[PDB]
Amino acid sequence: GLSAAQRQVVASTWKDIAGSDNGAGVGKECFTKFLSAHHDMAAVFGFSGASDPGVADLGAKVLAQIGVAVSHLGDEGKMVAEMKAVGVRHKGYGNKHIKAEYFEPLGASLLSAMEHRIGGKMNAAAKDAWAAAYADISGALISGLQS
């Protein structure tokens, strides 16, 4: 759902997470560590492994879309409609068997990459606001994927 305080914490820490590369470095770290930890997930993405060039490319696109979702957080119906559309496109991505269960371990890796970039700015309040935001953003994508 996200409270106004949680929307405000994610909107303000996104400025630091985005940096000067629109979160591309965070995206690269997230998917590289995720695929190094679960080699079994490389086939779901259609990648050869964690060092496939496609990992850094996908990481930049995922984090750029989270930046769009963050700018629309004040209108939930807008944010979920656009994330559902992203989700509908995932029916035809990677192996065409992307499952909802895969999104929760990916969330842990995203939060970790975010904290690695902004350090202490990713305090307990920021981690809770971003876990709440990642739950809504991925939840809406999963809804498009299962539609």
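Numbering starts at 1 and runs along the sequence shown.
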Requested in this report: For the higher mean C-alpha B factor in the entry, choose 49 to 57 or 118 to 126.
Outcome: 118 to 126
Query raised in the report: Going by the B-factors listed in the PDB entry, is the mean over the C-alpha atoms higher for 86 to 94 or for 59 to 67?
Result: 86 to 94
Report task. Can you pull the Cα B-factors for 131, 11, 24, 137 from the entry and say which is highest? Result -> 11
Report task. Would you mind checking where the Cα B-factor of residue 80 ranks among the modelled residues of its chain, as the lowest, middle or highest third? Result -> middle
Query raised in the report: Lowest, middle or highest third of the chain for the C-alpha temperature factor of residue 3?
Result: highest
Query raised in the report: So where's residue 106 on the chain's Cα temperature factor ranking, which third?
Result: middle
Query raised in the report: Based on the entry's values, in what third of the chain does the Cα temperature factor of residue 42 lie: lowest, middle or highest?
Result: lowest
